[PDB]
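Have a look at the structure below before the remarks.
Just follow the structure's listing: the first ligand is 1, and inside any ligand the first atom is 1. Note that these values count all heavy atoms, side chains included, but never hydrogens, waters or copies made by symmetry. In what follows, chains are A, B, ... by sequence order, proteins preceding strands, each numbered from 1.
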There are 4 protein chains.
Amino acid sequence: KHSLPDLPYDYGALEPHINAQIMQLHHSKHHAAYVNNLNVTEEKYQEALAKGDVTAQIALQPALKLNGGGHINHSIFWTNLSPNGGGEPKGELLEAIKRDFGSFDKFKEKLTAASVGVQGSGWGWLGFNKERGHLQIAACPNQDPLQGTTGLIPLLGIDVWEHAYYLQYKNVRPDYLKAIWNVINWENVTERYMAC
Amino acid sequence: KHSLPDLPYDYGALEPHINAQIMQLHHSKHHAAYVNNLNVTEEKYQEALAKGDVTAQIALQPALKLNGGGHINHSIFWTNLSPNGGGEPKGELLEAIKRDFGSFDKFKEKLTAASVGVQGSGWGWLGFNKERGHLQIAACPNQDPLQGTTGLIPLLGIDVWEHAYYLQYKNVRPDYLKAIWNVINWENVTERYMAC
Amino acid sequence: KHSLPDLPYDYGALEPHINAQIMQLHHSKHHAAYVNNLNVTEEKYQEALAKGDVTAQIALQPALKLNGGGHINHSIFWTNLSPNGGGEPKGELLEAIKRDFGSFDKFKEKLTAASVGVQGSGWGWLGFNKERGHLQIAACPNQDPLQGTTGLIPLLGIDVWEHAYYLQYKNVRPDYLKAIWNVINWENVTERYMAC
Amino acid sequence: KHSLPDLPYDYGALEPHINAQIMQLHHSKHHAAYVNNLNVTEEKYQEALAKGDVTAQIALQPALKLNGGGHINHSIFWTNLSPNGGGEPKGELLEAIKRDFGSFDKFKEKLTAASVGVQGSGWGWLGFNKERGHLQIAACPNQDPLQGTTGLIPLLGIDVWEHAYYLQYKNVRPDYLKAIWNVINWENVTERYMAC
Ligand SMILES: [Mn+2]
Ligand SMILES: [Mn+2]
Ligand SMILES: [Mn+2]
Ligand SMILES: [Mn+2]
């Protein structure tokens with residue numbers, strides 16, 4: 001039922017910021033596995049739910065969150081990147097950012113600190129808080145998705161699982177984050193922002 | 001779809017060990033709420049699953065675990081108690097206990113320590129480990145059910161949420177546990193044991 | 001080293017909103033135990049730290065958080081209540097509240113929903129976010145303290161562990177929260193607010 | 001106060017099972033950082049403890065567990081590996097394994113499944129349960145150390161953080177685990193076993 005989305009660009013389109021090998025493995029191996037495991041899990045769940053098996057439903061939660069979240073997180077991630085990205089955003093998004101973070105650079109600073117501070121595997125996110133009407137930074141462990149676990153609407157996500165950058169930046173997570181700013185697709189972040 | 005099971009005895013049948021007021025509130029108020037909230041949650045979940053909404057499925061996990069677990073835990077609990085309970089078990093169960101804990105009294109000791117040691121709300125459990133083929137003691141937080149979260153088959157559960165004993169024993173959890181041994185339905189624990 | 005603070009009022013001073021029995025048990029039994037267990041734990045920790053025993057330091061974390069948090073949370077709680085409290089706050093605090101929540105009543109609404117929504121044992125909090133410079137509502141499980149786990153400065157806390165209200169309101173948590181508004185010490189919340 | 005232990009062998013001594021690049025990065029970069037961050041954290045903690053600052057003590061727990069656990073876990077890991085390892089264990093350890101797992105191969109199977117099943121970052125462990133007197137398999141998230149969080153005495157640990165194997169086995173965690181069996185230092189696991 002769920003499927004692996006095609007990448008809107010070639011695997012080597014983000015060089016030299018993120019090399020082709022990482023993109024190929026990240027998409028065709030990591031994301032593909034999450035989609036496949038998600039469909040298997042949803043199927044078992046449909047089954048447990050049909051016969052009112054509460055125990056089975058609860059036992060399947062970790063697998064559904066990990067794989068379901070994995071699919072959601074990476075799907076957004078691909079659209080957040082672009083060989084034509086980089087620079088700074090414009091319009092209302094830029095204003096919202098100055099408003100809520102003081103300046104674009106302070107925002108970069110914050111999101112970078114949150115991403116680098118993730119203990120173990122996880123994601124750094126720029127999300128929108130519907131209740132307050134402000135932008136908000138949050139970090140999620142493993143594949144826990146932003147909206148499903150915090151209620152925030154995801155605008156921009158940064159994957160900090162080691163498979164995201166190890167082949168190229170090894171243990172230096174800060175180098176990875178410094179480079180990713182050059183390929184952020186602000187046009188996509190902007191429309192996600194305008195949508196909510 | 002799920003329903004509140006009738007108690008196999010009168011509300012005051014466990015006096016003076018657990019008074020009638022607690023039993024009445026615990027069953028007709030606490031357990032009833034879990035069953036009702038469970039049906040509402042499973043329904044929303046059926047809905048999220050039908051349209052492949054992964055985000056909604058993940059957001060509903062806490063409510064399904066709390067209410068689904070609440071229903072499962074209390075349902076077992078009622079059958080674990082009896083106005084004719086108390087004393088010690090006999091047969092294979094008693095042997096399994098001596099085998100795995102040394103003696104019946106050391107077992108009581110262990111399970112009591114685990115129950116009293118729960119930080120906040122939770123349950124103390126005597127469960128069966130299918131893999132090892134031995135009895136095992138475990139404690140679960142809030143309403144997290146034994147089997148669904150640990151894989152152990154539940155044999156005997158002791159509810160240590162404060163609503164379990166506060167009206168009668170106030171803050172003295174140890175007095176509550178000392179009294180509950182007088183109403184344990186060993187015949188029920190035995191058949192749960194024989195079943196697995 | 002740490003000690004049980006005296007209550008700034010008589011045990012029955014909050015009647016009929018919170019009866020004397022609850023206040024007496026809550027202070028002399030529950031809080032006293034947390035203080036005593038905290039001193040024992042800090043002592044063991046001083047010891048583990050002296051000989052560089054990392055394993056022991058990590059094993060003691062749950063007990064230090066539960067008891068240390070228990071002491072911190074209840075200490076603030078006593079000052080948040082007053083036989084002369086109730087009504088609405090005035091000055092800058094009232095403005096900060098209208099600003100961040102729309103109105104005082106919407107604020108009450110929010111904090112009440114957060115408190116009632118705590119699964120199991122926990123606290124509902126009105127805190128101050130130093131980074132953003134705005135008021136913020138948060139809920140913490142068990143005795144996890146607000147500042148130590150979220151960074152927010154605590155202004156007003158509402159204890160929703162069942163021992164907080166069970167003797168008087170039984171399972172009806174909403175009745176408990178409706179009554180507590182009549183004894184909130186706004187003068188204390190205000191000065192905590194002015195301090196940060 | 002704490003220090004980076006020297007490796008008991010050359011960085012390329014485990015080839016071709018684990019290449020030299022991984023060993024060099026894993027030891028001189030990853031482990032070194034944990035030791036350095038641990039000393040900084042213990043120092044801040046000594047300070048918080050001296051002035052009875054409970055809030056600061058609690059805020060430092062995540063950093064102490066991650067770095068303290070990181071140091072403990074990797075220190076054991078280095079001794080668990082050897083260019084002269086591989087094969088099967090002998091003596092009492094082998095008997096304990098047959099006893100508790102049926103056979104050596106079923107044990108390998110179990111530990112492999114536990115290691116591969118870790119969601120995100122973590123470790124698979126073969127530990128000793130002092131209470132029961134049996135061997136036990138457990139998995140821990142991130143750098144949470146075995147003994148400090150479960151009470152089990154660590155005998156053999158397998159690091160499944162992606163930095164452990166990504167450069168060489170990429171996303172195929174099962175290939176990594178199949179290869180690591182060839183360098184397990186059973187003589188070290190045996191003496192850890194005899195010690196407890
Ligand atoms: Mn990824
Ligand atoms: Mn209950
Ligand atoms: Mn309390
Ligand atoms: Mn490692």
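Each of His71(B), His30(B), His27(B) was checked for a ring pair (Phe, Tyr, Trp, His ring centres under 6.0 Å) with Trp78(B), and the lone residue meeting it is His27(B). Put simply, the residue from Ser115(C), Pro154(C), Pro145(C) that forms a side-chain contact (heavy atoms from CB on, under 4.5 Å) with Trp125(C) is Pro154(C).
Counting backbone and side-chain atoms alike, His30(B) contributes no N/O/S atom closer than 2.8 Å to the Mn ion (ligand 2). Here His163(C) meets the criterion, with an N, O or S atom under 2.8 Å of the Mn ion (ligand 3).
When you scan the N, O or S atoms of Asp159(C) for the one nearest the Mn ion (ligand 3), you land on OD2. Here the N, O or S atom of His26(A) that is nearest to the Mn ion (ligand 1) is NE2.
Applying the side-chain hydrogen bond (donor to acceptor under 3.5 Å, both in side chains) rule to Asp159(B) yields the partners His26(B), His74(B); only residues at least two apart in sequence or on another chain are considered.
For the pair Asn19(B) (side chain) and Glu15(B) (backbone), a donor-acceptor distance under 3.5 Å is absent.
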